[PDB]
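Protein chains in written order, with PDB author numbering: chain I, 1 to 146; chain 1, 2 to 98; chain 6, 2 to 54; chain C, 2 to 119, 121 to 126, 128 to 228.
By construction, the Cβ of each residue, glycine as well, lies at the ideal position given by its N, Cα and C atoms.
Notes to accompany the following structure.
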Amino acid sequence: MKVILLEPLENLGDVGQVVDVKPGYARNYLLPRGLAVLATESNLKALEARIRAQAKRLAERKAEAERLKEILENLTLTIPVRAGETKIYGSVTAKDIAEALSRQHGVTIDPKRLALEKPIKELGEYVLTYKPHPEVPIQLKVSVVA
Amino acid sequence: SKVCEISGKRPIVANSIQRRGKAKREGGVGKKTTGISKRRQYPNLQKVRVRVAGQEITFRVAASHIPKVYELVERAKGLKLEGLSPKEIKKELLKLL
Amino acid sequence: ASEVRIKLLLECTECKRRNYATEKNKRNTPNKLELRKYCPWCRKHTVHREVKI
Amino acid sequence: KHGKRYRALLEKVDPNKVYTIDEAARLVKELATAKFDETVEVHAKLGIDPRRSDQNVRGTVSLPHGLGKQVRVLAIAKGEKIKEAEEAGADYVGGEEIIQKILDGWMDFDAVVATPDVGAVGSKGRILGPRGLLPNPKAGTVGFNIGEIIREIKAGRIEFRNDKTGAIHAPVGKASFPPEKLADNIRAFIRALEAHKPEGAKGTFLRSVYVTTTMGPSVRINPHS
RNA sequence: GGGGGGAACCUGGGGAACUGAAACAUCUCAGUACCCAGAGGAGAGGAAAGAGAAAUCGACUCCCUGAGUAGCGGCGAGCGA
RNA sequence: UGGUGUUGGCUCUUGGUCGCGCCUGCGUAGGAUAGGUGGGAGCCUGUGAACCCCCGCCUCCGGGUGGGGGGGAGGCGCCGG
RNA sequence: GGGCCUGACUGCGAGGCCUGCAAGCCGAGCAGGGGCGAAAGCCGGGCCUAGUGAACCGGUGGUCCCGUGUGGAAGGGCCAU
RNA sequence: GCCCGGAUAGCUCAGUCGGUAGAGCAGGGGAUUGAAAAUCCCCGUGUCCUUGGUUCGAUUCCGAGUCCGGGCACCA
Ligand SMILES: [Zn+2]
Numbered sequence: 001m002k003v004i005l006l007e008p009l010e011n012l013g014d015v016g017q018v019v020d021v022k023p024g025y026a027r028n029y030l031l032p033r034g035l036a037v038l039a040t041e042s043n044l045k046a047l048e049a050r051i052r053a054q055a056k057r058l059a060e061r062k063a064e065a066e067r068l069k070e071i072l073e074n075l076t077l078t079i080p081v082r083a084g085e086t087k088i089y090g091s092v093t094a095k096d097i098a099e100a101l102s103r104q105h106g107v108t109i110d111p112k113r114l115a116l117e118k119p120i121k122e123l124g125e126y127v128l129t130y131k132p133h134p135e136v137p138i139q140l141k142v143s144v145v146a
Numbered sequence: 002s003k004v005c006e007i008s009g010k011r012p013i014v015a016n017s018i019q020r021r022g023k024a025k026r027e028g029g030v031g032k033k034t035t036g037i038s039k040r041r042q043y044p045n046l047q048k049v050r051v052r053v054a055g056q057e058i059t060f061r062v063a064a065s066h067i068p069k070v071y072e073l074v075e076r077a078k079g080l081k082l083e084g085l086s087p088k089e090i091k092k093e094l095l096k097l098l
Numbered sequence: 002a003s004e005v006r007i008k009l010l011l012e013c014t015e016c017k018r019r020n021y022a023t024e025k026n027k028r029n030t031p032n033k034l035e036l037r038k039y040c041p042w043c044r045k046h047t048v049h050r051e052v053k054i
Numbered sequence: 002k003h004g005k006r007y008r009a010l011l012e013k014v015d016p017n018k019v020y021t022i023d024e025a026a027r028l029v030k031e032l033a034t035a036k037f038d039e040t041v042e043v044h045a046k047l048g049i050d051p052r053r054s055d056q057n058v059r060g061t062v063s064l065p066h067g068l069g070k071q072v073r074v075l076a077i078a079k080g081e082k083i084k085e086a087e088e089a090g091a092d093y094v095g096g097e098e099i100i101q102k103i104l105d106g107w108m109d110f111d112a113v114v115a116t117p118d119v121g122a123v124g125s126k128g129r130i131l132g133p134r135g136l137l138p139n140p141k142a143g144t145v146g147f148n149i150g151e152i153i154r155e156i157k158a159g160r161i162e163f164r165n166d167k168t169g170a171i172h173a174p175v176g177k178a179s180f181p182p183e184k185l186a187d188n189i190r191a192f193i194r195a196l197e198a199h200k201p202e203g204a205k206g207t208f209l210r211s212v213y214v215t216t217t218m219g220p221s222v223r224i225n226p227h228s
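What follows is the structure, encoded as structure tokens:
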């Protein structure tokens, strides 16, 4: 199945490209996420002359990924929660940290864009990647306390 | 398992034909049938949940017609479906057929 | 008949057509029999090799 | 690990580039840097099994434009075939006592042909054979018109016979033949095998067709062009 | 606009067994009985991606014939264009 | 219960496929390890030598193998055998 | 018991016996081509009467008969089995 | 019926990715011996199952086949 990549993909390629992926991956993962489009002749036709626009909005992702990158690199977020001497009685997630930047710091990031492979259960400082734009990894210091 | 919501493939009535012996083509004396009994072949229906107009719509569609529904989804983009409920939305997408 | 006394044909050595069917005791005669039989196809007597029936 | 007369030839070759019968023939003589008239060789790969002892592409073709090479027919013939073999190109007659002229140690020829009446040539044979020179009518080298045979023997007539590694081997001429002269030289072996295809085979009858010269580099050439 | 009813008559979905095979399982009974849905005074079918041997015909439906023929068949019973 | 659809992504490893790049081939004889099938009387190194050392492979123990360094214009070849 | 030989034949078959049928049995003679024999002659298995099983289905070889528009082929038919 | 294993000396087996048929065996061709023992020996010997080919030669390598041992499958 052919699809028009709406983004640069590490295992697929880049926006504007039409690759062949099995129906499960794009059809359940990519299309609903808007990561790409089906390869219909209509979308092939409109494909031309939009890749300029598509890379335009993509470049917007680069720009706000930059002014937001430099803005959020130099700050540590603290998480006021209820935890033990060696254990967090609750848990933190991506949307949690987004809530912390929003209600506590006011900055607005995307929770899903944030990387969280394990909701934290221990205290202390943490450094994590965000990556708003492809090939744009952003570490970040979040502090969890009681 | 009922019809395919798009193709309308209903279950069919087929025969279980239990045979025996070697086929004539293989030098066998001939496939002696040991017994026939009715059965029903069912469509391989599946659930197809799709986000149209902020709504989730489920389609018990044949697997062979899975992508077809997505066509309708894209074909729905020339439509004004909000803020209709999933009943009217589904009836409209069927109207696209 | 027996597993020791088997059936057999007699191909003509020349027309190559099995013109006769007979039997032998393969115990006694472990050799392919060969006998001048009238080949109707060849239309004349001709040595016939014992062919596996 | 190679020669500056040869590495400089590998300098001017592209390993995976597709070449045609005309284009590569331009390349066969231009990279002919060996210090004599090289041999333009169309080394093709046949798509057949020699172990399948019916896919034996054993034949010949009198290539147009000759070959530029030397063919010396040690002719075997007697009874009015002596003198008609002595003429029309052959020079080694003869004509049946010359088998006794095979010591062996007398290898001043390049081919040996004998009429169908002999006969007394197959047995004596044992050393005339192991160098691939036993006169066999499968490829040219036997016939009552032994003089007629040698007439086209001298006319650059190559033999072809597939080997254990599914390969067939007959060069199209010397390094003195231009790409347009070799162009008939080249195709005269390809289409010579297009008709000698032993029917019954999986896949293409021609895996690949490469062209090297005497000491020269190989050449990835495209057949049927 | 629909609902529901309508003797039989029609499709469309489902669909038996007894019985015959002098047993019986393939098969036949029979796509019948019956059930369900739908209509309509009819229904269906209907304008060739047909027929099939003539370069032949020319949507469809039904009658006779083809023909118990071609055929199918534990090559049986039978069925049967 | 195995294939398959539904049903995807990453990677770890294994069995094929084809690329390629390489090495690999030994009665006697023949210097030596001769895989065939074609041309070959010529080749090579200042797009650095026979030589010496080092390194690994094969190694049939005769040897070859490929890579480095001194070396670096000295080796062979059909023909000899 | 010895000699040679394979008639333990091909195509057939007057006639008969037996018999519900079907089966079963005897066979002159004729032709092809042979065996033995001088020939006369005999030889179409065995001194005889048991040693066996209809049809269907299918296999194997010959056949070249049919081959679904045509040529092939699939597939069958027929012969042997 | 298909697929699996084997066929090599008078036997069992080895058996170059073809340059060699061999290990033992049975003996014996010999010599001792009136006979016969221990004995000497080279070993004797063999299509490496048959049919054709690869080959600069083919037990090998290849196609076909035969027989045998085995499994699987049908059985009118
Ligand atoms: Zn005959």
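According to a CB-to-CB cut-off of less than 9 angstroms, which residues of the region 43-73 of chain 1 neighbour chain I? Those would be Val-51, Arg-52, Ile-67, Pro-68, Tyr-71, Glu-72, in chain order.
Chain 1 within 9 angstroms of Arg-27 (chain I), Cβ atoms only: Position 27 of the first sequence, counted from the start, is the residue given in the question as residue 27 (chain I). It does: the Cβ of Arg-27 (chain I) has a partner Cβ on chain 1 nearer than 9 angstroms.
Residues of the region 40-56 of chain I with Cβ closer than 9 angstroms to any Cβ of chain 1, in chain order: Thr-40, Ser-42, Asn-43
How far does the alpha helix (DSSP H) with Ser-42 (chain I) in it reach, from first residue to last? For the purposes of this step, residue 42 (chain I) is taken as residue 42 along the first sequence, with counting starting at 1. Here the alpha helix (DSSP H) through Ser-42 (chain I) covers 41-47.
Using a Cβ cut-off of 8 angstroms, pull out every chain 1 residue sitting near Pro-32 (chain I), in sequence order please. As a working mapping, residue 32 (chain I) is identified with position 32 in the first sequence. For the C-beta of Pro-32 (chain I), the chain 1 residues within less than 8 angstroms are, from N- to C-terminus, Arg-52.
Could you round the C-beta distance between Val-94 (chain C) and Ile-83 (chain C) to whole angstroms and report it? I think they count as a contact, below 8 angstroms. Within the fourth sequence, residue 94 (chain C) is the residue found at index 93, counting from 1. Within the fourth sequence, residue 83 (chain C) is the residue found at index 82, counting from 1. At roughly 6 angstroms, the Cβ-Cβ gap stays under 8 angstroms, so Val-94 (chain C) and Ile-83 (chain C) are in contact.
Please state whether DSSP places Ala-64 (chain 1) in a helix, a strand or coil. Here residue 64 (chain 1) refers to the residue found at position 63 of the second sequence. In the structure shown, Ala-64 (chain 1) sits in a helix (DSSP, three-state: H, G or I).
Just to confirm, does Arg-18 (chain 6) get its C-beta within under 8 angstroms of one of the non-hydrogen atoms of ligand 1? Your numbering for residue 18 (chain 6) matches position 17 in the third sequence. In this structure, the C-beta of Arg-18 (chain 6) approaches ligand 1 to less than 8 angstroms from one of its heavy atoms.
Tell me which residue opens and which closes the alpha helix (DSSP H) that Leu-5 (chain I) is part of. Position 5 of the first sequence, counting from 1, holds the residue named residue 5 (chain I). Looking at the DSSP string, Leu-5 (chain I) is not in any alpha helix (DSSP H); the run it does join, the beta strand (DSSP E), is 2-5.
At 9 angstroms on the CB atoms, spell out the chain 1 contacts of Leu-38 (chain I), in chain order. Locating residue 38 (chain I) in the first sequence gives position 38, counting from the first residue. In chain order: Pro-68, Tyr-71, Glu-72, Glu-75.
At least 3 beta-carbon pairs within less than 8 angstroms: the region 17-27 of chain C vs the region 207-223 of chain C: Touching, per the Cβ criterion.
Look at the Cβ atom of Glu-85 (chain C), then the Cβ atom of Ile-156 (chain C), and state whether they are nearer than 9 angstroms. Counting from one through the fourth sequence, the residue named residue 85 (chain C) turns up at place 84. Counting from one through the fourth sequence, the residue named residue 156 (chain C) turns up at place 153. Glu-85 (chain C) is not a Cβ neighbour of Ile-156 (chain C), given a cutoff of 9 angstroms.
Quick one: grab the DSSP three-state call for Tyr-25 (chain I). For the purposes of this step, residue 25 (chain I) is taken as residue 25 along the first sequence, with counting starting at 1. Correct three-state label for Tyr-25 (chain I): helix.
Residue range of the alpha helix (DSSP H) that includes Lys-95 (chain I): In the first sequence, the residue the question calls residue 95 (chain I) occupies position 95. Per DSSP, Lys-95 (chain I) belongs to the alpha helix (DSSP H) from 94-99.
Quick check: the region 57-64 of chain I against the region 119-128 of chain I, are there 3 or more CB pairs under 8 angstroms? Remark: fewer than three beta-carbon pairs, one from each stretch, lie closer than 8 angstroms, so the region 57-64 of chain I and the region 119-128 of chain I are not flagged as touching.
Taking all protein chains shown into account, do 16 or more other C-beta atoms lie within 10 angstroms of the C-beta of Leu-98 (chain 1), making it buried, or fewer, making it exposed? Taking the first residue of the second sequence as 1, we reach residue 98 (chain 1) at position 97. Flag for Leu-98 (chain 1) reads exposed.
Pair within 9 angstroms by beta-carbon distance, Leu-196 (chain C) and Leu-209 (chain C): Along the fourth sequence, read from residue 1 onward, the residue named residue 196 (chain C) stands at position 193. Along the fourth sequence, read from residue 1 onward, the residue named residue 209 (chain C) stands at position 206. For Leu-196 (chain C) and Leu-209 (chain C), yes; Cβs fall inside 9 angstroms.
Any non-hydrogen atom of ligand 1 within 8 angstroms of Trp-42 (chain 6) CB: As a position in the third sequence, residue 42 (chain 6) is number 41, starting the count at 1. Indeed, a heavy atom of ligand 1 lies less than 8 angstroms from the Cβ.
What ranges does the alpha helix (DSSP H) occupy inside the region 6-77 of chain C, keeping only unbroken runs of at least 4 residues that lie completely in it? 22-31
Using beta-carbon positions only, say whether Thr-47 (chain 6) and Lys-38 (chain 6) come within less than 9 angstroms of one another. Residue 47 (chain 6) sits at position 46 when you count from the first residue of the third sequence. Residue 38 (chain 6) sits at position 37 when you count from the first residue of the third sequence. Result yes, Cβ atoms of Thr-47 (chain 6) and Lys-38 (chain 6) sit closer than 9 angstroms.
Going along the chain, which residues of its own chain have a beta-carbon closer than 7 angstroms to the beta-carbon of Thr-59 (chain 1), five neighbours each way excluded? Working through the second sequence from its first residue, we reach residue 59 (chain 1) at position 58. Same-chain partners within the cutoff: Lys-48, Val-49, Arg-50.
Helix, strand or coil at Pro-87 (chain 1) according to DSSP, with G and I counted as helix: Residue 87 (chain 1) sits at position 86 when you count from the first residue of the second sequence. Assignment of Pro-87 (chain 1) by DSSP, reduced to helix, strand and coil, places it in the helix class.
Can you give me the start and stop residues for the beta strand (DSSP E) that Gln-101 (chain C) sits inside? By one-based count along the fourth sequence, residue 101 (chain C) stands at place 100. Looking at the DSSP string, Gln-101 (chain C) is not in any beta strand (DSSP E); the run it does join, the alpha helix (DSSP H), is 99-102.
What is the DSSP secondary structure of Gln-56 (chain 1), reduced to helix, strand or coil? Here residue 56 (chain 1) refers to the residue found at position 55 of the second sequence. Looking at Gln-56 (chain 1) - three-state DSSP - the assignment turns out to be strand.
Tell me where the beta strand (DSSP E) around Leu-209 (chain C) begins and ends. Against the fourth sequence, residue 209 (chain C) aligns to sequence position 206. Segment 209-215, the beta strand (DSSP E) holding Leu-209 (chain C).
Specify whether the region 169-184 of chain C and the region 60-76 of chain C touch according to this definition: at least 3 beta carbon pairs, one from each stretch, less than 8 angstroms apart. yes
Beta-carbon proximity list for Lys-91 (chain 1), same chain, < 6 angstroms, skipping 5 on both sides: The residue labelled residue 91 (chain 1) in the question sits at position 90 within the second sequence. Answer for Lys-91 (chain 1): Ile-58, listed in chain order.
Just how far apart, CA to CA, sit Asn-43 (chain I) and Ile-67 (chain 1)? Counted from its first residue, the first sequence places residue 43 (chain I) at position 43. Counted from its first residue, the second sequence places residue 67 (chain 1) at position 66. Looking at the two C-alpha atoms, the distance is approximately 19 angstroms.
Compute the distance between the beta-carbons of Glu-35 (chain 6) and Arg-18 (chain 6), then report whether it is under 9 angstroms. Position 34 of the third sequence, counting from 1, holds the residue named residue 35 (chain 6). Position 17 of the third sequence, counting from 1, holds the residue named residue 18 (chain 6). Not a contact, by the Cβ cut-off of 9 angstroms.
Smallest Cα separation from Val-58 (chain C): which of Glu-162 (chain C), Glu-88 (chain C), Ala-26 (chain C)? On the fourth sequence, position 57 is the one that residue 58 (chain C) refers to. Looking at the Cα atoms, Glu-162 (chain C) is the closest of the given residues.
Report yes or no: do three or more beta-carbon pairs, one from the region 7-22 of chain 1 and one from the region 66-83 of chain 1, lie closer than 8 angstroms? yes
Report whether the distance from the Cβ of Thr-40 (chain C) to the nearest heavy atom of ligand 1 is below 8 angstroms. In the fourth sequence, the residue the question calls residue 40 (chain C) occupies position 39. Outside the cutoff, so no.
From the DSSP output, in three-state form, read off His-172 (chain C) for me. Translated into the one-based positions of the fourth sequence, residue 172 (chain C) becomes position 169. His-172 (chain C) falls in the strand class under three-state DSSP.
Tell me where the alpha helix (DSSP H) around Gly-150 (chain C) begins and ends. Taking the first residue of the fourth sequence as 1, we reach residue 150 (chain C) at position 147. It spans 149-156 - the alpha helix (DSSP H) in which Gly-150 (chain C) sits, taken as one unbroken run.
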